[PDB]
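J.: Sequence plus experimental coordinates follow:
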Amino acid sequence: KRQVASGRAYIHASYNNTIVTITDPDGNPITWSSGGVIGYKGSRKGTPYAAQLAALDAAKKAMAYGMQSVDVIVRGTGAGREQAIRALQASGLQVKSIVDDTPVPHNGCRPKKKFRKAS
Amino acid sequence: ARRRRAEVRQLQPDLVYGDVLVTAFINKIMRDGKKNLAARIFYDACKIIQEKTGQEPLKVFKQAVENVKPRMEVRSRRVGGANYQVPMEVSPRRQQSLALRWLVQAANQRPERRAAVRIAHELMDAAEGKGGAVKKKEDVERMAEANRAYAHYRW
Amino acid sequence: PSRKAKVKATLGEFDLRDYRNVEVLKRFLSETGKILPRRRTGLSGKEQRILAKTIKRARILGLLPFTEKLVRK
RNA sequence: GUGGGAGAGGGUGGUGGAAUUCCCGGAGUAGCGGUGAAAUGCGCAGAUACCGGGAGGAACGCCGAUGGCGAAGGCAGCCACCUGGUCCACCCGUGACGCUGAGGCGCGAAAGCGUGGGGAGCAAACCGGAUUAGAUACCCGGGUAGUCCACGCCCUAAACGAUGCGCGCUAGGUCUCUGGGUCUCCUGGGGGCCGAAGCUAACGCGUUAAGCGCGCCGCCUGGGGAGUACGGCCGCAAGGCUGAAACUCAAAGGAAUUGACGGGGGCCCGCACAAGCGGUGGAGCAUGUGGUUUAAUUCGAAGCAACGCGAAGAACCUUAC
Ligand SMILES: [K+]
Ligand SMILES: [K+]
Ligand SMILES: [K+]
Ligand SMILES: [K+]
Ligand SMILES: [K+]
Ligand SMILES: [K+]
Ligand SMILES: [K+]
Ligand SMILES: [K+]
Ligand SMILES: [K+]
Ligand SMILES: [K+]
Ligand SMILES: [K+]
Ligand SMILES: [K+]
Ligand SMILES: [Mg+2]
Ligand SMILES: [Mg+2]
Ligand SMILES: [Mg+2]
Ligand SMILES: [Mg+2]
Ligand SMILES: [Mg+2]
Ligand SMILES: [Mg+2]
Ligand SMILES: [Mg+2]
Ligand SMILES: [Mg+2]
Ligand SMILES: [Mg+2]
Ligand SMILES: [Mg+2]
Ligand SMILES: [Mg+2]
Ligand SMILES: [Mg+2]
Ligand SMILES: [Mg+2]
Ligand SMILES: [Mg+2]
Ligand SMILES: [Mg+2]
Ligand SMILES: [Mg+2]
Ligand SMILES: [Mg+2]
Ligand SMILES: [Mg+2]
Ligand SMILES: [Mg+2]
Ligand SMILES: [Mg+2]
Ligand SMILES: [Mg+2]
Ligand SMILES: [Mg+2]
Ligand SMILES: [Mg+2]
Ligand SMILES: [Mg+2]
Ligand SMILES: [Mg+2]
Ligand SMILES: [Mg+2]
Ligand SMILES: [Mg+2]
Ligand SMILES: [Mg+2]
Ligand SMILES: [Mg+2]
Ligand SMILES: [Mg+2]
Ligand SMILES: [Mg+2]
Ligand SMILES: [Mg+2]
Ligand SMILES: [Mg+2]
Ligand SMILES: [Mg+2]
Ligand SMILES: [Mg+2]
Ligand SMILES: [Mg+2]
Ligand SMILES: [Mg+2]
Ligand SMILES: [Mg+2]
Ligand SMILES: [Mg+2]
Ligand SMILES: [Mg+2]
Ligand SMILES: [Mg+2]
Ligand SMILES: [Mg+2]
Ligand SMILES: [Mg+2]
Ligand SMILES: [Mg+2]
Ligand SMILES: [Mg+2]
Ligand SMILES: [Mg+2]
Ligand SMILES: [Mg+2]
Ligand SMILES: [Mg+2]
Ligand SMILES: [Mg+2]
Ligand SMILES: [Mg+2]
Ligand SMILES: [Mg+2]
Ligand SMILES: [Mg+2]
Ligand SMILES: [Mg+2]
């Protein structure tokens, strides 16, 4: 508890999981969730469904700090990224805005052999 | 059905309630094409729904069929690695086909010693939210929704 | 087909080599701080090649962004 | 020569932002990660996700191309310096000063070698986790050389357009990069595409020739043995260049054709699957068969397409044993 009322909601989508982090206006985490926090284990953490659940778990836990509106900040490309956006919108929390800030290098480190034929 | 879309069959309405749905149920109760014996059964049982209920049998019948209709069911679908039980809406027609098939099935699982009694009691018990059929309908519905994680395999 | 309106049309005279004209160079970047294609700039091989270089000079001068986060989504 | 032009051509120094990793601080809590599914792994000594600060290495997103530069290998953030090639215009100067080029000399991707430095990410070997019949692999988690810089070696390649260099000649159309002009268009240099004639085994090539011709260099002479052996030369080494023989084969081979095939694509059918209703597989028995047994158990039928099949009538007969 501290009472924030307005903050940030970071979505980190991956082809392996989705994990939501909610922070204060300065980017300090208040609460967080993920397909793992919810009961999911292996490959299902990446499911769009799980993302929904993780997103809702996050919102609710954020209501406890008495938060109402947030700025969604999406990072990554992964099955279940948009469900998280929707999950948040439909959860009391007011979504003042969505913004994609997935990091991309201006070609820096050689990728793993799995993600090559790129740089 | 590779070429066409397979149109549905039409059935002569009931020789009593003049209802098609009734005939459908009659046919599911049928066996070895003994439609006469089949018809009797539904009727006797249809009577037994009264003098046990002040209500009309048809209203009872039609509402049992209703509570047994599944709104979601899980179907298979291989997606490299194994088969994922995918949940999904059940078409208006399969609901009916399933509902009736299930009633006759649960009915015949009952202990009541004679047919008409069994269909009768299953009809009734179903009408108020209980009985073999409704159980099935709920195990199915529970199956779907229990696999929400594979909902994105729409189809 | 991108039939919006070539950035060259919606504009007039300007020194493609002026790395300080923020108000005009700014126009050749996308929602993101990315240099727009000839498709959108409407410029030409030679013109674009000179634009690309002047824009990059502006970036190192802090008058222009290298990248900017996308709004909406 | 004079005047213009375009360019990731080369060398040296400087420098910018994104990202990864690590370290520090904050905030926050039970997982993160990873796969077909998992596990190894990492995390309560607090990880992952989020914000702020710092260090370091390597590589330059968009622009970016079907583009450009170079003799090739190759060259891509931005700035300055040093430096190569090249194209156009003007017809200004020299006056055949030319082409080619054995040997020589230089350059020459990657890997690799030596010395010293650096080391973020990646990753031979290697250590583990899965997978499999096995799995000294494919997939996952780690990880040393190396990948980076300097200096010195190595000198290879599908070092490819699989097409040596130069010059003249032989329809056009179309796109494009860069220059000049009376700037719908013309004219020069380069990059593509379609094509005249012609060439080609065919495929295809076709003013960017694989056409028609001249000059000079390099190279080929069936396949295996073999790019091996020997010798010589070169290298620190790895190994490079030159490069055989005995023996042996009736072929090896190029292009195109019709098929068949594909764990290639597209379109489409069938009780093919699915949907569904009844059943076989278990029992008893009937019948055919395998097997075994017998003096004989007559013969045939064999996955689908043999097995209540020839047998629409085996007590003798039929009947072949
Ligand atoms: K090119
Ligand atoms: K070694
Ligand atoms: K190098
Ligand atoms: K060298
Ligand atoms: K011009
Ligand atoms: K021909
Ligand atoms: K061809
Ligand atoms: K030798
Ligand atoms: K030696
Ligand atoms: K060598
Ligand atoms: K096919
Ligand atoms: K069948
Ligand atoms: Mg996962
Ligand atoms: Mg000049
Ligand atoms: Mg250059
Ligand atoms: Mg950084
Ligand atoms: Mg910390
Ligand atoms: Mg702390
Ligand atoms: Mg542990
Ligand atoms: Mg503790
Ligand atoms: Mg610790
Ligand atoms: Mg981290
Ligand atoms: Mg940080
Ligand atoms: Mg370090
Ligand atoms: Mg060239
Ligand atoms: Mg090349
Ligand atoms: Mg020059
Ligand atoms: Mg003269
Ligand atoms: Mg003279
Ligand atoms: Mg070399
Ligand atoms: Mg090297
Ligand atoms: Mg070394
Ligand atoms: Mg070293
Ligand atoms: Mg060291
Ligand atoms: Mg690694
Ligand atoms: Mg094993
Ligand atoms: Mg590995
Ligand atoms: Mg090539
Ligand atoms: Mg001509
Ligand atoms: Mg042309
Ligand atoms: Mg040309
Ligand atoms: Mg041209
Ligand atoms: Mg080209
Ligand atoms: Mg011809
Ligand atoms: Mg031919
Ligand atoms: Mg051609
Ligand atoms: Mg010629
Ligand atoms: Mg030779
Ligand atoms: Mg020979
Ligand atoms: Mg021979
Ligand atoms: Mg030979
Ligand atoms: Mg060799
Ligand atoms: Mg030596
Ligand atoms: Mg061939
Ligand atoms: Mg059909
Ligand atoms: Mg049929
Ligand atoms: Mg079926
Ligand atoms: Mg069945
Ligand atoms: Mg049996
Ligand atoms: Mg016999
Ligand atoms: Mg026998
Ligand atoms: Mg015979
Ligand atoms: Mg026989
Ligand atoms: Mg038969
Ligand atoms: Mg006999």
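T.: Noted; the coordinates are in hand. Residues are numbered from 1 along each chain as shown, chains lettered A, B, ... in the order given. Ligands and ions are numbered 1, 2, ... in the order given.
J.: residues touching residue 89, list them.
T.: If you meant another chain, say so; for now it's chain A. Listed by C-beta atoms under 8 Å, 6 or more residues apart in numbering or on different chains, the contact set of residue A:89 reads residue A:95. Where you see a C-beta, it was placed from the backbone N, CA and C, and this is true even at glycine.
J.: That was the other one, I meant chain B.
T.: Residue B:89 touches B:71-72, counting by C-beta under 8 Å, 6+ apart.
J.: For it, which residues count as its bridge partners?
T.: Applying DSSP bridges to residue B:89 gives these bridge partners: residue B:72.
J.: Against residue B:102, how distant is it?
T.: As judged by C-beta to C-beta, to the nearest Å, residue B:89 and residue B:102 stand 18 Å apart.
J.: Repeat that for residue A:63.
T.: For residue A:63, the distance to residue B:102 - C-beta to C-beta - is 43 Å.
J.: for the residue nearest to residue B:131 when sequence neighbours are not counted, helix, strand, or coil?
T.: Of all residues beyond its chain neighbours, the one nearest residue B:131 is residue B:125 (3.5 Å), with distances taken as C-beta to C-beta, 6 or more residues apart in numbering or on different chains. Here residue B:125 takes the helix state, with states given by DSSP: H, G, I helix; E, B strand; the rest coil.
J.: For residue B:125, give its distance to chain C.
T.: Residue B:125 sits 53 Å away from chain C, going by C-beta to the nearest C-beta, to the nearest Å.
J.: Check the contact between that residue and residue B:135; I expect there is one.
T.: No - the criterion here is C-beta atoms under 8 Å, and residue B:125 misses it with residue B:135 at 10.2 Å.
J.: so who does residue A:104 touch?
T.: residue C:67.
J.: What ranges does the chain have for its helices?
T.: Just so you know, I chose chain A. A:48-63, A:81-89 (DSSP state H).
J.: Chain C was what I was after
T.: C:22-25, C:38-41, C:45-60.
J.: Now that we have those helices, can you turn them into TSV and tack on distance to residue A:9 and mean neighbour count?
T.: Shown next, in TSV, are the helices of chain C (distance: least, C-beta to C-beta, whole Å; neighbours: other C-beta atoms under 10 Å in any protein chain shown):
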stretch	distance to residue A:9	mean neighbour count
helix C:22-25	33	15
helix C:38-41	33	15
helix C:45-60	31	15
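J.: Out of the ones you listed, which is closest to residue B:50?
T.: helix C:38-41 (78.6 Å; C-beta to C-beta).
J.: Show me what the closest one is packed up against.
T.: Helix C:38-41 sits against helix C:45-60, with contacts defined as 3 or more C-beta pairs under 8 Å, 6 or more residues apart in numbering or on different chains; DSSP states H and E.
J.: Next one: the residue sitting nearest the centre point of chain C from residue B:30, what distance?
T.: By C-alpha atoms, centre = their mean, chain C has its centre lying nearest to residue C:28, at 1.8 Å. Distance of residue C:28 to residue B:30, given as C-beta to C-beta: 78 Å.
J.: And the strands in chain A?
T.: Applying DSSP state E to chain A gives strands spanning A:6-13, A:18-23, A:29-32, A:69-75, A:94-100.
J.: from those strands, which stretch is densest packed?
T.: Highest mean neighbour count among the strands of chain A (mean count of other C-beta atoms under 10 Å in any protein chain shown): strand A:18-23, with a mean of 24.
J.: Figure out how far it is from the centre of its chain.
T.: 4 Å (C-alpha atoms, centre = their mean, to the nearest Å).
J.: Dump that strand to CSV, keeping only the CA atoms.
T.: Provided in CSV are the C-alpha atoms of strand A:18-23 (Å, rounded to 0.1, in the frame of the first residue of the first chain):
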residue,chain,number,x,y,z
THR,A,18,3.8,-12.8,-21.2
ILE,A,19,4.6,-10.9,-18.0
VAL,A,20,2.9,-7.7,-16.9
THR,A,21,4.5,-5.2,-14.6
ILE,A,22,2.7,-2.3,-13.1
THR,A,23,4.6,0.8,-11.9
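J.: Any residues of chain B in contact with RNA strand D? List them.
T.: When proximity is defined as C-beta under 7 Å from any atom of the strand, chain B approaches RNA strand D at B:1-3, B:28, B:31, B:80-82, B:97-98, B:101.
J.: Tabulate those residues in a markdown table, adding columns for neighbour count, distance to residue A:100 and secondary structure.
T.: As requested, the residues of chain B next to RNA strand D are exported to a markdown table (neighbours: other C-beta atoms under 10 Å in any protein chain shown; distance: C-beta to C-beta, whole Å; DSSP: H, G, I helix; E, B strand; the rest coil):
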| residue | neighbour count | distance to residue A:100 | secondary structure |
| --- | --- | --- | --- |
| B:1 | 5 | 45 | coil |
| B:2 | 3 | 45 | coil |
| B:3 | 5 | 47 | coil |
| B:28 | 19 | 55 | helix |
| B:31 | 12 | 63 | coil |
| B:80 | 5 | 29 | coil |
| B:81 | 7 | 31 | coil |
| B:82 | 6 | 34 | coil |
| B:97 | 14 | 47 | helix |
| B:98 | 20 | 45 | helix |
| B:101 | 17 | 50 | helix |
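J.: Among these, find me the one that's closest to residue A:33.
T.: Of the residues of chain B next to RNA strand D, the one sitting nearest to residue A:33 (C-beta to C-beta) turns out to be residue B:81, at 26.9 Å.
J.: Between residue B:125 and residue B:135, which has more neighbouring residues?
T.: Per other C-beta atoms under 10 Å in any protein chain shown, whichever of residue B:125 and residue B:135 has more neighbours is residue B:125, with 18 against 14.
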